[PDB]
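Participant: structure_34.pdb (PDB, C-alpha atoms) pasted underneath:
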MODEL        1
ATOM      1  CA  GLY B   1       0.000   0.000   0.000  1.00  0.00           C
ATOM      2  CA  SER B   2       1.111   3.537  -0.818  1.00  0.00           C
ATOM      3  CA  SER B   3      -0.754   6.848  -0.997  1.00  0.00           C
ATOM      4  CA  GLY B   4      -0.977  10.378   0.365  1.00  0.00           C
ATOM      5  CA  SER B   5      -2.475  13.430  -1.326  1.00  0.00           C
ATOM      6  CA  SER B   6      -3.880  16.482   0.457  1.00  0.00           C
ATOM      7  CA  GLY B   7      -4.250  20.194  -0.219  1.00  0.00           C
ATOM      8  CA  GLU B   8      -1.102  22.270   0.222  1.00  0.00           C
ATOM      9  CA  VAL B   9      -0.273  23.867   3.573  1.00  0.00           C
ATOM     10  CA  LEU B  10      -3.308  26.015   2.771  1.00  0.00           C
ATOM     11  CA  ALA B  11      -2.310  28.098   5.792  1.00  0.00           C
ATOM     12  CA  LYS B  12      -2.475  31.407   3.924  1.00  0.00           C
ATOM     13  CA  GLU B  13      -6.266  31.455   3.607  1.00  0.00           C
ATOM     14  CA  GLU B  14      -8.319  34.330   5.018  1.00  0.00           C
ATOM     15  CA  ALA B  15     -12.010  35.244   5.072  1.00  0.00           C
ATOM     16  CA  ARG B  16     -14.155  38.009   6.564  1.00  0.00           C
ATOM     17  CA  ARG B  17     -17.543  36.829   5.300  1.00  0.00           C
ATOM     18  CA  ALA B  18     -18.688  40.425   5.777  1.00  0.00           C
ATOM     19  CA  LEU B  19     -20.636  41.176   2.597  1.00  0.00           C
ATOM     20  CA  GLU B  20     -23.381  43.394   4.014  1.00  0.00           C
ATOM     21  CA  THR B  21     -23.024  42.683   7.733  1.00  0.00           C
ATOM     22  CA  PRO B  22     -19.903  43.179   9.891  1.00  0.00           C
ATOM     23  CA  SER B  23     -17.776  40.109  10.612  1.00  0.00           C
ATOM     24  CA  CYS B  24     -18.510  40.603  14.311  1.00  0.00           C
ATOM     25  CA  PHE B  25     -22.105  39.682  13.478  1.00  0.00           C
ATOM     26  CA  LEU B  26     -23.103  36.021  13.751  1.00  0.00           C
ATOM     27  CA  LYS B  27     -26.063  33.776  12.933  1.00  0.00           C
ATOM     28  CA  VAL B  28     -27.564  32.511  16.191  1.00  0.00           C
ATOM     29  CA  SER B  29     -30.804  32.329  18.176  1.00  0.00           C
ATOM     30  CA  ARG B  30     -31.742  34.659  21.031  1.00  0.00           C
ATOM     31  CA  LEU B  31     -31.436  31.900  23.633  1.00  0.00           C
ATOM     32  CA  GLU B  32     -27.838  31.674  22.421  1.00  0.00           C
ATOM     33  CA  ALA B  33     -27.050  35.327  21.707  1.00  0.00           C
ATOM     34  CA  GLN B  34     -27.606  35.678  25.453  1.00  0.00           C
ATOM     35  CA  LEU B  35     -25.554  32.843  26.940  1.00  0.00           C
ATOM     36  CA  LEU B  36     -22.860  33.393  24.313  1.00  0.00           C
ATOM     37  CA  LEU B  37     -22.125  36.481  26.410  1.00  0.00           C
ATOM     38  CA  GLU B  38     -21.584  34.805  29.782  1.00  0.00           C
ATOM     39  CA  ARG B  39     -19.814  31.969  27.970  1.00  0.00           C
ATOM     40  CA  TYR B  40     -17.279  34.153  26.161  1.00  0.00           C
ATOM     41  CA  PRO B  41     -17.009  37.439  28.104  1.00  0.00           C
ATOM     42  CA  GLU B  42     -13.454  38.223  26.998  1.00  0.00           C
ATOM     43  CA  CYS B  43     -14.897  38.446  23.485  1.00  0.00           C
ATOM     44  CA  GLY B  44     -16.968  41.455  24.500  1.00  0.00           C
ATOM     45  CA  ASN B  45     -20.720  41.387  25.076  1.00  0.00           C
ATOM     46  CA  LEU B  46     -21.884  43.559  22.177  1.00  0.00           C
ATOM     47  CA  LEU B  47     -23.187  41.147  19.539  1.00  0.00           C
ATOM     48  CA  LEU B  48     -25.737  41.266  16.719  1.00  0.00           C
ATOM     49  CA  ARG B  49     -28.350  38.589  16.032  1.00  0.00           C
ATOM     50  CA  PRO B  50     -30.966  38.230  13.262  1.00  0.00           C
ATOM     51  CA  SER B  51     -34.491  38.937  14.505  1.00  0.00           C
ATOM     52  CA  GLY B  52     -37.445  36.667  13.796  1.00  0.00           C
ATOM     53  CA  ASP B  53     -40.426  38.861  12.955  1.00  0.00           C
ATOM     54  CA  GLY B  54     -42.093  42.206  13.606  1.00  0.00           C
ATOM     55  CA  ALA B  55     -39.951  44.766  11.799  1.00  0.00           C
ATOM     56  CA  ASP B  56     -37.141  44.919   9.240  1.00  0.00           C
ATOM     57  CA  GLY B  57     -33.603  45.066  10.600  1.00  0.00           C
ATOM     58  CA  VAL B  58     -31.182  43.520  13.082  1.00  0.00           C
ATOM     59  CA  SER B  59     -31.021  43.725  16.875  1.00  0.00           C
ATOM     60  CA  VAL B  60     -28.072  44.440  19.170  1.00  0.00           C
ATOM     61  CA  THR B  61     -27.634  42.242  22.241  1.00  0.00           C
ATOM     62  CA  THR B  62     -25.726  43.990  25.028  1.00  0.00           C
ATOM     63  CA  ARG B  63     -25.304  42.745  28.597  1.00  0.00           C
ATOM     64  CA  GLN B  64     -24.156  45.639  30.784  1.00  0.00           C
ATOM     65  CA  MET B  65     -23.993  45.848  34.578  1.00  0.00           C
ATOM     66  CA  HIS B  66     -27.229  47.213  36.042  1.00  0.00           C
ATOM     67  CA  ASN B  67     -28.027  47.728  39.726  1.00  0.00           C
ATOM     68  CA  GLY B  68     -25.643  44.816  40.194  1.00  0.00           C
ATOM     69  CA  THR B  69     -27.809  42.351  38.285  1.00  0.00           C
ATOM     70  CA  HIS B  70     -27.498  40.095  35.239  1.00  0.00           C
ATOM     71  CA  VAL B  71     -29.687  41.441  32.435  1.00  0.00           C
ATOM     72  CA  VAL B  72     -29.357  41.763  28.659  1.00  0.00           C
ATOM     73  CA  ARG B  73     -30.864  44.376  26.344  1.00  0.00           C
ATOM     74  CA  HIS B  74     -31.889  43.991  22.699  1.00  0.00           C
ATOM     75  CA  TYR B  75     -31.891  47.175  20.619  1.00  0.00           C
ATOM     76  CA  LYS B  76     -33.768  47.567  17.334  1.00  0.00           C
ATOM     77  CA  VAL B  77     -32.604  48.994  14.006  1.00  0.00           C
ATOM     78  CA  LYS B  78     -34.997  50.610  11.531  1.00  0.00           C
ATOM     79  CA  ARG B  79     -34.563  50.371   7.760  1.00  0.00           C
ATOM     80  CA  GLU B  80     -35.129  53.714   6.034  1.00  0.00           C
ATOM     81  CA  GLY B  81     -33.619  53.561   2.558  1.00  0.00           C
ATOM     82  CA  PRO B  82     -29.921  52.849   1.916  1.00  0.00           C
ATOM     83  CA  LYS B  83     -29.332  53.852   5.537  1.00  0.00           C
ATOM     84  CA  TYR B  84     -30.140  52.291   8.911  1.00  0.00           C
ATOM     85  CA  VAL B  85     -31.656  54.571  11.550  1.00  0.00           C
ATOM     86  CA  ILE B  86     -30.942  53.732  15.188  1.00  0.00           C
ATOM     87  CA  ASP B  87     -33.855  53.359  17.605  1.00  0.00           C
ATOM     88  CA  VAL B  88     -32.677  56.027  20.047  1.00  0.00           C
ATOM     89  CA  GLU B  89     -33.315  59.595  21.199  1.00  0.00           C
ATOM     90  CA  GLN B  90     -32.377  61.031  17.804  1.00  0.00           C
ATOM     91  CA  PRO B  91     -32.648  59.247  14.429  1.00  0.00           C
ATOM     92  CA  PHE B  92     -28.939  58.693  13.797  1.00  0.00           C
ATOM     93  CA  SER B  93     -28.567  57.986  10.078  1.00  0.00           C
ATOM     94  CA  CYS B  94     -25.706  55.732   8.981  1.00  0.00           C
ATOM     95  CA  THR B  95     -24.300  54.289   5.755  1.00  0.00           C
ATOM     96  CA  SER B  96     -23.881  50.671   6.848  1.00  0.00           C
ATOM     97  CA  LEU B  97     -24.317  48.230   9.733  1.00  0.00           C
ATOM     98  CA  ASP B  98     -20.708  48.796  10.791  1.00  0.00           C
ATOM     99  CA  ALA B  99     -21.432  52.419  11.692  1.00  0.00           C
ATOM    100  CA  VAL B 100     -24.128  51.365  14.158  1.00  0.00           C
ATOM    101  CA  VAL B 101     -21.677  49.178  16.073  1.00  0.00           C
ATOM    102  CA  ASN B 102     -19.452  52.245  16.390  1.00  0.00           C
ATOM    103  CA  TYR B 103     -22.117  54.831  17.212  1.00  0.00           C
ATOM    104  CA  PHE B 104     -23.097  52.582  20.119  1.00  0.00           C
ATOM    105  CA  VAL B 105     -19.510  52.474  21.379  1.00  0.00           C
ATOM    106  CA  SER B 106     -19.171  56.260  21.534  1.00  0.00           C
ATOM    107  CA  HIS B 107     -22.793  56.608  22.650  1.00  0.00           C
ATOM    108  CA  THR B 108     -22.396  54.618  25.867  1.00  0.00           C
ATOM    109  CA  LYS B 109     -20.480  56.238  28.728  1.00  0.00           C
ATOM    110  CA  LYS B 110     -18.158  53.224  28.698  1.00  0.00           C
ATOM    111  CA  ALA B 111     -15.953  51.767  25.962  1.00  0.00           C
ATOM    112  CA  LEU B 112     -17.854  48.592  25.081  1.00  0.00           C
ATOM    113  CA  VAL B 113     -16.451  45.680  23.077  1.00  0.00           C
ATOM    114  CA  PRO B 114     -17.917  43.863  20.046  1.00  0.00           C
ATOM    115  CA  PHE B 115     -18.615  40.124  19.961  1.00  0.00           C
ATOM    116  CA  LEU B 116     -17.118  37.635  17.504  1.00  0.00           C
ATOM    117  CA  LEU B 117     -16.762  33.875  17.045  1.00  0.00           C
ATOM    118  CA  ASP B 118     -14.441  32.153  14.572  1.00  0.00           C
TER     119      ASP B 118
ENDMDL
END
Reformat the file's structure so that it appears as structure tokens.
Facilitator:
Amino acid sequence: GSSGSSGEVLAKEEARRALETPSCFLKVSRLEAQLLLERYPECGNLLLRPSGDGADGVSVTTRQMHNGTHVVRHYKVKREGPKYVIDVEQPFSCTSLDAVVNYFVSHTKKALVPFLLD
């Protein structure tokens, strides 16, 4: 017997899979989007998950310290044209999903961190 053929080192391959949505984003269910936070805290808590129904857009799951309790919040994002308005005090117009992630960072009084999973 004699054989042995496999793809080259193929160690120089990279991918961002961020066509319309930011890499940070991930496809998961609420039940998960929540735990995923407590599970991988070092990887920030700010993550984005695809909604189910109701309106058009994506939500932002963020678990911040409140009155010393464990609670997560899910923000909503409106879809008005080629831009995505943020559901907040003022209708902050952006150019892409990425912006939102940022606006939130500067918005909060604390430097939050995005969530990612390779």
Participant: Near stretch 37-49 of chain B, counting only C-alpha atoms, which residues have an atom at most 6 Å away, once you skip same-chain residues fewer than 3 positions from it, shown as a PyMOL selection string?
Facilitator: chain B and resi 25+34+59-63+113-115
Participant: Neighbouring residues of stretch 91-104 of chain B were defined as those with any atom within 10 Å, considering only C-alpha atoms; residues of the same chain fewer than 3 positions away were excluded. Please report them as a PyMOL selection string.
Facilitator: chain B and resi 18+20-25+46-48+57-58+60+77-88+107-114
Participant: For the selection just defined, write its residues with C-alpha atoms to a file, as a JSON list (two decimals), in the coordinates of the input.
Facilitator:
[["chain", "number", "residue", "atom", "x", "y", "z"],
["B", 18, "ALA", "CA", -18.69, 40.42, 5.78],
["B", 20, "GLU", "CA", -23.38, 43.39, 4.01],
["B", 21, "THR", "CA", -23.02, 42.68, 7.73],
["B", 22, "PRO", "CA", -19.90, 43.18, 9.89],
["B", 23, "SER", "CA", -17.78, 40.11, 10.61],
["B", 24, "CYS", "CA", -18.51, 40.60, 14.31],
["B", 25, "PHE", "CA", -22.10, 39.68, 13.48],
["B", 46, "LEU", "CA", -21.88, 43.56, 22.18],
["B", 47, "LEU", "CA", -23.19, 41.15, 19.54],
["B", 48, "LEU", "CA", -25.74, 41.27, 16.72],
["B", 57, "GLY", "CA", -33.60, 45.07, 10.60],
["B", 58, "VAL", "CA", -31.18, 43.52, 13.08],
["B", 60, "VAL", "CA", -28.07, 44.44, 19.17],
["B", 77, "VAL", "CA", -32.60, 48.99, 14.01],
["B", 78, "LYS", "CA", -35.00, 50.61, 11.53],
["B", 79, "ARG", "CA", -34.56, 50.37, 7.76],
["B", 80, "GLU", "CA", -35.13, 53.71, 6.03],
["B", 81, "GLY", "CA", -33.62, 53.56, 2.56],
["B", 82, "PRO", "CA", -29.92, 52.85, 1.92],
["B", 83, "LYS", "CA", -29.33, 53.85, 5.54],
["B", 84, "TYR", "CA", -30.14, 52.29, 8.91],
["B", 85, "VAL", "CA", -31.66, 54.57, 11.55],
["B", 86, "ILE", "CA", -30.94, 53.73, 15.19],
["B", 87, "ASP", "CA", -33.85, 53.36, 17.60],
["B", 88, "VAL", "CA", -32.68, 56.03, 20.05],
["B", 107, "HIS", "CA", -22.79, 56.61, 22.65],
["B", 108, "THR", "CA", -22.40, 54.62, 25.87],
["B", 109, "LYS", "CA", -20.48, 56.24, 28.73],
["B", 110, "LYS", "CA", -18.16, 53.22, 28.70],
["B", 111, "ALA", "CA", -15.95, 51.77, 25.96],
["B", 112, "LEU", "CA", -17.85, 48.59, 25.08],
["B", 113, "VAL", "CA", -16.45, 45.68, 23.08],
["B", 114, "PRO", "CA", -17.92, 43.86, 20.05]]
Participant: Report, in Å to a single decimal, how far apart atom CA of residue B:116 and atom CA of residue B:36 are.
Facilitator: 9.9 Å
Participant: Just give me the residues with any atom within 12 Å of (-36.9, 37.0, 15.2), file coordinates, counting only C-alpha atoms, written as number ranges by chain.
Facilitator: B: 27-31, 33, 49-59, 74, 76
Participant: Just give me the gap between atom CA of residue B:69 and atom CA of residue B:106 in Å, one decimal is fine.
Facilitator: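 Answer for the atom CA of residue B:69 to atom CA of residue B:106 separation: 23.4 Å.
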Participant: Find the distance between atom CA of residue B:89 and atom CA of residue B:105 and write it in Å to one decimal.
Facilitator: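 The value is 15.5 Å.
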Participant: For stretch 105-109 of chain B, take all atoms listed in the file, fit an axis-aligned box around them, add 5 Å to each of the six sides, then output centre and edge lengths in Å rounded to one decimal, as AutoDock Vina command-line options.
Facilitator:
--center_x -21.0 --center_y 54.5 --center_z 25.1 --size_x 13.6 --size_y 14.1 --size_z 17.3
Participant: Missing atoms in stretch 81-98 of chain B: fill them in up to N, CA, C and O atoms and send the result as a PDB file, in the frame of the given file.
Facilitator:
ATOM      1  N   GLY B  81     -34.436  53.344   3.739  1.00  0.00           N
ATOM      2  CA  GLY B  81     -33.619  53.561   2.558  1.00  0.00           C
ATOM      3  C   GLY B  81     -32.274  52.869   2.650  1.00  0.00           C
ATOM      4  O   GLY B  81     -32.113  51.867   3.347  1.00  0.00           O
ATOM      5  N   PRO B  82     -31.278  53.405   1.930  1.00  0.00           N
ATOM      6  CA  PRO B  82     -29.921  52.849   1.916  1.00  0.00           C
ATOM      7  C   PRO B  82     -29.200  53.045   3.244  1.00  0.00           C
ATOM      8  O   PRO B  82     -28.029  52.690   3.385  1.00  0.00           O
ATOM      9  N   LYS B  83     -29.906  53.611   4.218  1.00  0.00           N
ATOM     10  CA  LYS B  83     -29.332  53.852   5.537  1.00  0.00           C
ATOM     11  C   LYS B  83     -30.100  53.088   6.611  1.00  0.00           C
ATOM     12  O   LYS B  83     -31.201  52.595   6.368  1.00  0.00           O
ATOM     13  N   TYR B  84     -29.511  52.995   7.799  1.00  0.00           N
ATOM     14  CA  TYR B  84     -30.140  52.291   8.911  1.00  0.00           C
ATOM     15  C   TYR B  84     -30.233  53.188  10.140  1.00  0.00           C
ATOM     16  O   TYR B  84     -29.242  53.410  10.837  1.00  0.00           O
ATOM     17  N   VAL B  85     -31.431  53.699  10.402  1.00  0.00           N
ATOM     18  CA  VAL B  85     -31.656  54.571  11.550  1.00  0.00           C
ATOM     19  C   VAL B  85     -31.624  53.782  12.854  1.00  0.00           C
ATOM     20  O   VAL B  85     -32.121  52.657  12.922  1.00  0.00           O
ATOM     21  N   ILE B  86     -31.037  54.378  13.886  1.00  0.00           N
ATOM     22  CA  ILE B  86     -30.942  53.732  15.188  1.00  0.00           C
ATOM     23  C   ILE B  86     -32.115  54.119  16.082  1.00  0.00           C
ATOM     24  O   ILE B  86     -32.463  55.294  16.192  1.00  0.00           O
ATOM     25  N   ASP B  87     -32.721  53.123  16.718  1.00  0.00           N
ATOM     26  CA  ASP B  87     -33.855  53.359  17.605  1.00  0.00           C
ATOM     27  C   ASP B  87     -33.399  53.997  18.913  1.00  0.00           C
ATOM     28  O   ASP B  87     -33.296  53.328  19.941  1.00  0.00           O
ATOM     29  N   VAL B  88     -33.123  55.298  18.866  1.00  0.00           N
ATOM     30  CA  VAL B  88     -32.677  56.027  20.047  1.00  0.00           C
ATOM     31  C   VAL B  88     -33.246  57.440  20.067  1.00  0.00           C
ATOM     32  O   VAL B  88     -34.032  57.816  19.198  1.00  0.00           O
ATOM     33  N   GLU B  89     -32.844  58.221  21.066  1.00  0.00           N
ATOM     34  CA  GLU B  89     -33.315  59.595  21.199  1.00  0.00           C
ATOM     35  C   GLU B  89     -33.475  60.250  19.830  1.00  0.00           C
ATOM     36  O   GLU B  89     -34.584  60.596  19.423  1.00  0.00           O
ATOM     37  N   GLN B  90     -32.361  60.417  19.127  1.00  0.00           N
ATOM     38  CA  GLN B  90     -32.377  61.031  17.804  1.00  0.00           C
ATOM     39  C   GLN B  90     -32.120  59.993  16.718  1.00  0.00           C
ATOM     40  O   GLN B  90     -31.342  59.054  16.893  1.00  0.00           O
ATOM     41  N   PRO B  91     -32.788  60.160  15.568  1.00  0.00           N
ATOM     42  CA  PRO B  91     -32.648  59.247  14.429  1.00  0.00           C
ATOM     43  C   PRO B  91     -31.280  59.356  13.764  1.00  0.00           C
ATOM     44  O   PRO B  91     -31.123  60.042  12.754  1.00  0.00           O
ATOM     45  N   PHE B  92     -30.295  58.673  14.336  1.00  0.00           N
ATOM     46  CA  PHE B  92     -28.939  58.693  13.797  1.00  0.00           C
ATOM     47  C   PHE B  92     -28.860  57.904  12.494  1.00  0.00           C
ATOM     48  O   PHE B  92     -28.980  56.680  12.488  1.00  0.00           O
ATOM     49  N   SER B  93     -28.657  58.617  11.389  1.00  0.00           N
ATOM     50  CA  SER B  93     -28.567  57.986  10.078  1.00  0.00           C
ATOM     51  C   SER B  93     -27.142  57.520   9.798  1.00  0.00           C
ATOM     52  O   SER B  93     -26.179  58.252  10.033  1.00  0.00           O
ATOM     53  N   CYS B  94     -27.015  56.297   9.295  1.00  0.00           N
ATOM     54  CA  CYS B  94     -25.706  55.732   8.981  1.00  0.00           C
ATOM     55  C   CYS B  94     -25.628  55.323   7.514  1.00  0.00           C
ATOM     56  O   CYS B  94     -26.563  55.547   6.744  1.00  0.00           O
ATOM     57  N   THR B  95     -24.504  54.725   7.131  1.00  0.00           N
ATOM     58  CA  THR B  95     -24.300  54.289   5.755  1.00  0.00           C
ATOM     59  C   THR B  95     -24.230  52.769   5.666  1.00  0.00           C
ATOM     60  O   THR B  95     -24.402  52.193   4.592  1.00  0.00           O
ATOM     61  N   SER B  96     -23.978  52.125   6.800  1.00  0.00           N
ATOM     62  CA  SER B  96     -23.881  50.671   6.848  1.00  0.00           C
ATOM     63  C   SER B  96     -24.053  50.162   8.276  1.00  0.00           C
ATOM     64  O   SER B  96     -24.097  50.945   9.227  1.00  0.00           O
ATOM     65  N   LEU B  97     -24.150  48.844   8.421  1.00  0.00           N
ATOM     66  CA  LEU B  97     -24.317  48.230   9.733  1.00  0.00           C
ATOM     67  C   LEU B  97     -23.122  48.529  10.632  1.00  0.00           C
ATOM     68  O   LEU B  97     -23.276  48.764  11.831  1.00  0.00           O
ATOM     69  N   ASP B  98     -21.930  48.521  10.044  1.00  0.00           N
ATOM     70  CA  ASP B  98     -20.708  48.796  10.791  1.00  0.00           C
ATOM     71  C   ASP B  98     -20.859  50.054  11.639  1.00  0.00           C
ATOM     72  O   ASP B  98     -20.630  50.032  12.847  1.00  0.00           O
TER      73      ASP B  98
END
